[PDB]
Structures are given as C-alpha cells and as structure tokens.
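Visitor: In the authors' numbering, the protein residues as written are 8 to 404. Sharing a structure, written as structure tokens. Questions coming.
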Ligand code: HEM
Ligand SMILES: CC1(C)O[C@]2(C)CC[C@H]1CC2
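What follows is the structure, encoded as structure tokens:
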C-alpha cells in the first residue's frame, strides 16, 4: 500500500486546492519510512523523495549519468541538451563558454530594464480590470528577457512557447518532432545571420567561441539555443504563474509583502522551495546502494524535489511559507555541477515581477467565474491564473 507503486510525475493527483500539493504533503510523509520507492509507470523506475537521499544522488557523478536527465527523453531529435544531458569533461568544458554572461554581475545589466517591461506590461490591462496573470504576465516577463539575451525578436512569445510545447512533450505522437524541426529551422536561420552582423547577446558570444582552439559545430550551437530557449521560458513562466495564484488568495501573504519589501528578495526563496516546478532524473551506470536500496545500471531514478523540499528533517514547519526562514537551502534549482545555470536570473525576475506587480495592483483575486488550470510534468505549475482587480490607472502615456 505505497504511493510509489504508481508514482508518476506527468500524472500527479490534484487536490481541491487545485494544486498537486495534497499529494506531495502525503507522499512527503511516506518517505520518512521509505525514502525511495519503485514505480510501475514508464516501464519501471525509481522515485527518490528523501532530502538526504536526493542529495546523495545529484552528488555521486560516478554512478549516475545526466545523459538521462529528461525522462521520458525530451523531443529533440539527434541533438543533446547542452550542459544538461552531458557529463564531464564535455560539461565542465561546454559550460565555461557561457559561465560569464550568466554571472550575477552580467545578469544585472538588465535589472532595471525588467521593471520597465514589467511595469510596461501592467499597462496592457491595468485599465480592463482582469486578465490571465499566467498568459498575460507570468509568460511574457521571462520570454521577452530571453529573446533579448539570445538576440531575438521580442514579440513571438507564442511561436516559441509552441516549440517548447513540443520539446516539453504533449503526449503527442511525433507532431512534437514536426514542430521541433521548426525550432531547428529558425535556430539555423538565426545562427547564420549572426556570424555576419553580430551583437552583444549570448547567442552571438558562443559562435565566435572555440573549444580546443577550433570553433564549434552548429549541432552544438543549435544545441545551446534549445537549452536556453527552454531554460528561461518554461520553468520560469510556470513558477511565476504560481506566485501570482498564490498572492491572489494568500492575502495574509500579499499584505505582508506589500508592507515589507526588504523581505521580497528573501521570501522569493521560500517560494522557490514551496513552488519549485523543477524535477529531474539521472541514469544508473553502475550498481550502487542508496540508503537501503540497490540500483542496477540501465534504470532511471527520478529526483522528486517538491517532495524533498518538504522533508521535516531539514525544514522547520515545511508546510507553511515562512518569509523569514533563514537559511533557505532547498533544491528547487538543484546542487552539484548541475546547479541551475540561470540560478541568479530568476531571483531577479521574481524580485521585480512581484515587487512591481504589487505596487501597481495592490488588490486582485482569483476570478470566481473562471477556474485555474495546473500544468504537470518535469515542469509543473499554474498555466492559467485569471484574477479580478479594481480597474486602475497606467503610467504609460
Ligand atoms: C524558475 C525557473 C528555473 C528553474 C526552477 C530551473 C531549474 C533548474 C534545475 C533543477 C537545474 C539542475 C538540474 C540538475 O542538477 O541536473 C537547472 C539546470 C539548468 N538550467 Fe535552470 N531553471 C530555471 C531557470 C533557468 C533559466 C532562466 C535559465 C536560462 C538561461 C536556466 C538554464 C539552465 C541550464 C542550461 C541548466 C543546465 C546546466 C547545468 O545546470 O549544469 N535555468 N535549472
Ligand atoms: C529539461 C529540464 C527538465 O528543464 C530545466 C528548466 C530544469 C532541469 C532540466 C534542464 C533545464
């Protein structure tokens, strides 16, 4: 009578609250006894839910390969996800090619440029009264910024989200391939129109790049593009979709942030722990024993962060958002050599998005006449969060 029996991450039961949190809180329980379980979904796999246990997997690079990070494998053809489906040396090497454009320093030069666009997207409907905080804001803030890093066309959110919708998987036959081939099409065009008349963007920074003293093949360039056009548009879009659905009803939290922004940065981390959409797996390359279980090479182990972010033997009162909690050592971004590449970037987007969104519309609420839809998968969160506020005034013209 275990929940691991049929544990499935693209299929987690949703409580009345609308979130699959009722499940986690409960499974979070079972793990105290059995920190790891075997699931019968997807041919057969391992579920790692204990904090001490998931933290033991991400660290032993020996027995676990990242060549199976997305699982079931992500729709990407004969292209491997850079610095993510590759183990070192490839990893250590490939990454140092974008290490700098992502450092806190370099990812600050866009700082007060995100407030503009945020505070400039709040003009879009601050005069209507409502709007899907997901589609309308959750999505555009992370999508526009990216476009700007990969030297891209700002208003095509729709097009990109369409590609990522196929990478991300839509349990569709191969139409994920038909559509991924277009990302590869545009990805190709963009590449070729950069090695001529460049820019300061990242996409460009890597072309001129060279490994071993020799440039790089486009099967690695079209490879990065994917990871990035996928790093900051999905996980983020969802995550934000969440804090907005969370601030729509958690008035105890809304009013508290509204009156103490010194905390917004900190409380942005407690939200990452509680609403982290990120979930990954590893691939077993050699017999190894974790805690009390033994895993033979060939099998995959899913690392259930949402569950290990609620382990009581690591977090005081885990089921409450404690905006003061310090330190916050969750794993919603992972640890080890695979520590999120855009780690500092979302702490920023959040800081702002939320900071500015509350100074503009300090009152709003879950639209009663439209129900919120939650996304599932290795990336989950709110997809549609329609709110209703007091029709206001915009700063724009
Ligand atoms: C809120 C959104 C985000 C979340 C929760 C998230 C989560 C994660 C997680 C869990 C990992 C590590 C997995 C592992 O250890 O194997 C990771 C890796 C990575 N993320 Fe993100 N991410 C987010 C946003 C970003 C952004 C903004 C970018 C895009 C520029 C980015 C780029 C990447 C890349 C390329 C890696 C693989 C390289 C590596 O860590 O070794 N992430 N992220
Ligand atoms: C593919 C997947 C699941 O998505 C992101 C956002 C988090 C972990 C990995 C790499 C980047």
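Backbone N, C-alpha and C define an ideal beta-carbon position, used for all residues, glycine too.
1. How big is the Cα-Cα spacing for residue 43 and residue 348?
2. Thinking C-alpha only, which one of 128, 240, 179 is nearest residue 165?
3. Can you grab the Cα-Cα spacing for the pair residue 147 / residue 351, in whole Å?
4. So residue 475 and residue 265 are in contact, right, with Cβ under 8 Å, and what is the actual spacing, rounded?
5. Hey, is residue 307 close to ligand 2, as in C-beta under 6 Å from one of its heavy atoms?
6. Hey, residue 271 and residue 362: beta-carbon distance below 7 Å or not?
7. Can you tell me which residues form a DSSP beta bridge with residue 289?
8. Are residue 161 and residue 151 closer than 7 Å when you measure CB to CB?
9. So for residue 211, helix, strand or coil by DSSP?
10. Which ranges does the alpha helix (DSSP H) cover as unbroken runs of at least 4 residues, wholly within the segment 230 to 293, from first to last along the chain?
11. Is residue 361 near ligand 1, in the sense that its beta carbon is under 6 Å from a heavy atom of that ligand?
12. What is the rounded straight-line gap between the Cα of residue 47 and the Cα of residue 62?
13. Ligand 4 heavy atoms versus the CB of residue 234: any closer than 6 Å?
14. Which whole-angstrom value is the C-beta distance of residue 66 and residue 343, which I expect to be below 8 Å?
15. Can you determine whether any heavy atom of ligand 1 sits closer than 6 Å to the C-beta of residue 353, and answer yes or no?
16. Does the distance from the C-beta atom of residue 32 to that of residue 10 stay below 7 Å?
17. DSSP puts residue 138 in a beta bridge; with which residues?
18. Is the segment 239 to 256 in contact with the segment 380 to 394, if contact means three or more CB pairs nearer than 8 Å?
19. Taking residue 72 and residue 212 to be in contact with their CB atoms under 8 Å, please state how far apart those CB atoms are, rounded to whole angstroms.
20. Should residue 261 be labelled buried (16 or more other beta-carbon atoms within 10 Å of its own) or exposed?
21. At a threshold of 6 Å, does residue 388 count as lining ligand 1 (C-beta to nearest heavy atom)?
22. On the premise that residue 157 lies in contact with residue 255, defined as a C-beta separation below 8 Å, what is that separation, rounded to the nearest angstrom?
23. Answer yes or no: the CB of residue 64 versus the heavy atoms of ligand 2, is any distance below 6 Å?
24. Hey, quick one: how far does the beta strand (DSSP E) through residue 52 stretch, first residue to last?
25. Under the three-state reduction of DSSP, which class applies to residue 365: helix, strand or coil?
26. Taking 6 Å as the cut-off, is the beta-carbon of residue 231 closer than that to any non-hydrogen atom of ligand 1?
27. If distances are taken between C-alpha atoms only, which option among 74, 91, 220 comes closest to residue 304?
28. I'd like to check one pair, residue 171 with residue 237: are the Cβ atoms closer than 7 Å?
29. If we ignore side chains and look at the alpha-carbon of each, how far apart do residue 30 and residue 79 end up?
30. Does DSSP classify residue 373 as helix, strand or coil?
31. What's the C-alpha gap between residue 131 and residue 106?
32. Enumerate in chain order the residues of its own chain whose CB-to-CB distance from residue 175 is below 7 Å, with the five nearest sequence positions on each side excluded.
33. Comparing alpha-carbon positions, which option in 201, 281, 311, 328 lies nearest residue 258?
34. Using the DSSP secondary-structure output, state which residues sit across from residue 71 in a beta bridge.
35. Keeping to the same chain, check which residues put their C-beta closer than 6 Å to that of residue 294; ignore five residues upstream and five downstream.
36. Just list the residues that DSSP pairs residue 388 with in beta bridges.
Guide: Straight from the coordinates:
1. Taking the straight line from one Cα to the other gives about 27 Å.
2. Comparing Cα-Cα distances from residue 165 to each of 128, 240, 179, the minimum goes to 240.
3. Cα-Cα distance, rounded: 19 Å.
4. Residue 475 is absent from the structure shown; the chain starts at 8 and stops at 404.
5. False, no ligand heavy atom lies under 6 Å from that Cβ.
6. The answer is yes: Cβ separation under 7 Å.
7. According to DSSP, which records beta bridges pairwise, residue 289 is partnered with 308.
8. Contact: yes.
9. Residue 211 falls in the helix class under three-state DSSP.
10. Listed in chain order, they are 242 to 256, 258 to 265, 271 to 282.
11. Residue 361: no, Cβ never under 6 Å from ligand 1.
12. Inter-residue distance for residue 47 and residue 62 is about 23 Å (C-alpha atoms, whole angstroms).
13. You won't find ligand 4 in this model; what it holds is ligand 1 and ligand 2.
14. Yes, they are in contact, since the Cβ atoms of residue 66 and residue 343 sit about 6 Å apart, within 8 Å.
15. The answer is yes for residue 353.
16. No; because the gap between Cβ atoms is not below 7 Å, this pair is not in contact.
17. 394, per the DSSP bridge assignment.
18. Taking 8 Å as the limit for Cβ pairs, the verdict is that the segment 380 to 394 does touch the segment 239 to 256.
19. Wrong, their Cβ atoms sit about 28 Å apart, outside the cutoff.
20. Around the C-beta of residue 261, 16 or more other C-beta atoms lie within 10 Å, and the residue is accordingly described as buried.
21. No; taking the cut-off as 6 Å, the Cβ of residue 388 has no heavy atom of ligand 1 nearer than that.
22. Actually they do not touch by this definition, with Cβ atoms about 32 Å apart.
23. Between ligand 2 and residue 64, a heavy atom-to-CB distance of less than 6 Å is absent.
24. Here the beta strand (DSSP E) through residue 52 covers 52 to 55.
25. Reduced to three states, the DSSP call for residue 365 is helix.
26. Taking the Cβ of residue 231 as the reference point, every heavy atom of ligand 1 lies at 6 Å or farther away.
27. When each option's Cα is compared against that of residue 304, the closest is 74.
28. Yes, these two residues count as a Cβ contact at 7 Å.
29. Cα to Cα, the separation comes out at about 22 Å.
30. Three-state result, residue 373: strand.
31. One C-alpha to the other measures close to 35 Å.
32. Within the same chain, Cβ atoms closer than 7 Å to the Cβ of residue 175 are found at 241, 384, 386, the five residues on either side in sequence being excluded.
33. Nearest of 201, 281, 311, 328 to residue 258, Cα basis: 328.
34. Residue 71 is bridged to 291.
35. The answer, listed in chain order, is 303.
36. 382.
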